[PDB]
Engineer: 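The structure follows.
We're numbering straight along the sequence, starting at 1. As the structure lists them, so they are numbered: ligands from 1, and atoms in each ligand from 1.
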Amino acid sequence: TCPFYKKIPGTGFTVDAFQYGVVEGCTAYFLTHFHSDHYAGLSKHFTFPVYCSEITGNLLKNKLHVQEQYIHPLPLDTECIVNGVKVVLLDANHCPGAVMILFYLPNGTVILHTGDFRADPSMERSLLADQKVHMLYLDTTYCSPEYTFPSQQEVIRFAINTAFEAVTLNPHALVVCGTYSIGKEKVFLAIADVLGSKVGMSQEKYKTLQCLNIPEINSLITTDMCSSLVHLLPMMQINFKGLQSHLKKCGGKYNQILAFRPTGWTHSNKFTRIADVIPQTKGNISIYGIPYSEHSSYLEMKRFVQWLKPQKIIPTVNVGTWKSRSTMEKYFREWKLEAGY
Ligand code: NI
């Protein structure tokens, strides 16, 4: 049954609740972003209003074939009225089109639902600064102190330098980047840009990227693999068997693969600096695991919450075990006592 943490009290609204069939008494279904655990259940047969960002609206229309009369895209940073309730969509710093949602209840409660987000100090100068939030529905993906990772900027620097160096030493090396969903486009686009190549990918993937309102995308991507030395493949195929295979397919245009697997977190983060990352190598194939996160680290999350000072926190991630739940509630209490709210 629809869980309580996907329901907005005092409204007929749900958030990311498309896999439960008809949710009793739901008058508007909000979608934070186009990732499968969140959209699961949408299709061309959905006949209720869906509210979302313009980019997420493009992906519903073109990838899932949701009919246009049920898609209600909203501009960001703009006060809008949905079924008589004032709402604002804010940038979530997650994947393209990902939003957080501010609900202004008739009775005067203000509710922020983060969707998936990577908290950042820039959010402290959005519309959020202008009024108090009583309840926070928080993306708690990495809510434990062991989760540290570098800035996105430091990680992209690492990848750019690595790739530029390898291909300048060997102009017959191919770079491969793994993907299984939107997000993390900066990885493969930054590399292609430093090498003066377009990124080659399947037609299905090129279609997905054309939905995202990225400036000058026609200049950076292509479905012609031959003319490209940065290839995007499914994340599944980023392993020695999968890469040896792909290399055979290129017909001796290339003699070496350098591949990137942008993962969330890995236990090498507790020990290893970004400067200190090494690949796994077999033969003429090297694989780099890089910690490019589109979720908040524990410290980023803690700062955002201590800044916002909500009266109640509702976790949306890692809620399935008692030990998880109970550990998160302990951190919330530490944060609150340390900051004085
Ligand atoms: Ni997500």
Engineer: Report the C-alpha separation of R303 and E124 in whole Å, then their side-chain angles, then the decisive distance to 0.1 Å, and conclude whether the salt bridge (charged side-chain N to carboxylate O under 4.0 Å, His left out) test is met.
Structural biologist: CA-CA 10 Å; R303 181 189 163 107; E124 303 163 20; 2.9 Å; yes
Engineer: Would you indicate whether the side-chain heavy atoms of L258 and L174 approach each other to under 4.5 Å?
Structural biologist: no
Engineer: Answer yes or no: is there an ion pair linking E294 with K184, defined by an N-O contact shorter than 4.0 Å?
Structural biologist: no
Engineer: Please tabulate, for the side chains in residues 83-93, all donor-acceptor contacts under 3.5 angstrom to protein atoms that are two or more places apart in sequence or on a different chain.
Structural biologist:
residue : atom : partner : partner atom : Å
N83     : ND2  : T27     : OG1          : 3.0
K86     : NZ   : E79     : OE2          : 3.0
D91     : OD1  : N93     : N            : 2.9
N93     : ND2  : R118    : O            : 2.9

Engineer: Can you check whether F117 and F304 have ring centres sitting under 6.0 Å from each other?
Structural biologist: yes
Engineer: Everything protein-side that's N, O or S and under 2.8 Å from the Ni ion (ligand 1): list it, residue and atom.
Structural biologist: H33 NE2, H35 ND1, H94 NE2, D116 OD2
Engineer: Quick check: are there more than 12 heavy atoms from other residues, nucleotides or ligands sitting under 6.0 Å from CG of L169?
Structural biologist: yes
